[PDB]
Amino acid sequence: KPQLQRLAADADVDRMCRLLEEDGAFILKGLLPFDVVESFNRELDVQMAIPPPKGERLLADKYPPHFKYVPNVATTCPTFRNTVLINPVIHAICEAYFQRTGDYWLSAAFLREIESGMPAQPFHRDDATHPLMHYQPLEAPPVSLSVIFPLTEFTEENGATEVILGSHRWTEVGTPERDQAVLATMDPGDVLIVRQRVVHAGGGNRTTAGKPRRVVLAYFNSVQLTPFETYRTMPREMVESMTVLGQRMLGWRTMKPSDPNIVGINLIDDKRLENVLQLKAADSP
């Protein structure tokens, strides 16, 4: 079976862009150094250690108490906010991928941890958070890109993501067989990039030794689509410590869909949002 291509960080962007249209997915090998990965893991550990609140939790309250989830990791994990989120290889890919739709930003970035004994996900498309995506035709400009960060090893046994190459060209998901998929086996620091409409499934975790598989999922969307997570409650001090790119990703700046939108989006008083807010940024100068 044709496998997912593993590319070094210096790989050609045109090539990556074409990989996404032909195969629908690929892996960037060793993008994040191990020190970044381990700093990110420790920040995430802090969040998972927090005793559960007394109040409502929108997603978590639907699941049993052993559910492992960290929402909107950019507000609590400085390593993601300052290093992972603004990786220039990721954004080179995004800019080439989103060329026909225009600007993109971060819709969500969150931790999942899959424990030993968990079954695999059903095969699906990532068209549920913004259901209108389910009706976009294949040839329309893509509005969503999935970026999957393994924070432990992804192996065959512990549930490496199952991806069916070319499946973004299918009419429906149907009920595909597992052996039609290939495995995104990976080391921490690798990155898996998945095109809109590609049929895939988390592999669960069939190990029995008690070692959980840890994944951070980041969804970059056209700025036409409302971010699932809103970063508007970030303190000004935190917002201003980020770079312009980071501020743009977290919804703090006016953005531009492609023509025929010739004005922009996410603005106020006919001015750019960062101007009305007098937003400073770390790399303004």
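For the two forms, the rigid core is made up of the largest set of C-alpha atoms that agree within 1.5 Å on superposition. Start at 1 and count along the sequence shown; that's the residue number.
**Student:** Figure out for me whether 205-213 or 89-97 is the more displaced stretch in 5 other deposited structures of this protein, taking RMS C-alpha distance from the shown form once the rigid core is superposed.
**Tutor:** Stretch with the higher C-alpha RMS distance in 5 other deposited structures of this protein: 205-213.
**Student:** Which stretch is more displaced from the shown form in 5 other deposited structures of this protein, 118-126 or 148-156, with RMS over structures and residues of Cα positions after a rigid core fit?
**Tutor:** The answer is 118-126, which departs more from the shown form in 5 other deposited structures of this protein.
**Student:** Check the entry's C-alpha temperature factors for 43-51 and 225-233, then say which stretch has the higher mean.
**Tutor:** Looking at the record's C-alpha B-factors, the answer is 43-51.
**Student:** Once you work out the mean C-alpha B-factor for both 201-209 and 98-106 from the entry, which is higher?
**Tutor:** Comparing 98-106 with 201-209, the higher mean C-alpha B-factor belongs to 201-209.
**Student:** Highest Cα temperature factor in the entry, among the options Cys17, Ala25, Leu273, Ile265: which one is it?
**Tutor:** Each of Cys17, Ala25, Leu273, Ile265 was compared by C-alpha B-factor; the highest is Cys17.
**Student:** Per the entry, which of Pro78, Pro142, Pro176, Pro71 tops the list for Cα B factor?
**Tutor:** Answer for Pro78, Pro142, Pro176, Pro71: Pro176, with the highest C-alpha B-factor.
**Student:** Can you tell me which third, lowest, middle or highest, the CA B-factor of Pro65 falls into for its chain?
**Tutor:** Highest third - that is where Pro65 ends up once the chain's C-alpha B-factors are sorted.
**Student:** Can you tell me which third, lowest, middle or highest, the CA B-factor of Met118 falls into for its chain?
**Tutor:** Ranked within chain, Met118 CA B lands in the highest tercile.
**Student:** C-alpha B factor of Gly246, ranked within the chain: lowest, middle or highest third?
**Tutor:** It belongs to the lowest third of the chain when residues are ordered by C-alpha B-factor.
**Student:** Sorting by Cα B-factor within the chain, modelled residues only, which third would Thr161 end up in: lowest, middle or highest?
**Tutor:** Within its chain, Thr161 is a lowest-third residue by C-alpha B-factor, going by the deposited values.
**Student:** Which third, lowest, middle or highest, does the CA B-factor of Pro257 fall in along this chain?
**Tutor:** Lowest third of the chain for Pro257's C-alpha B-factor.
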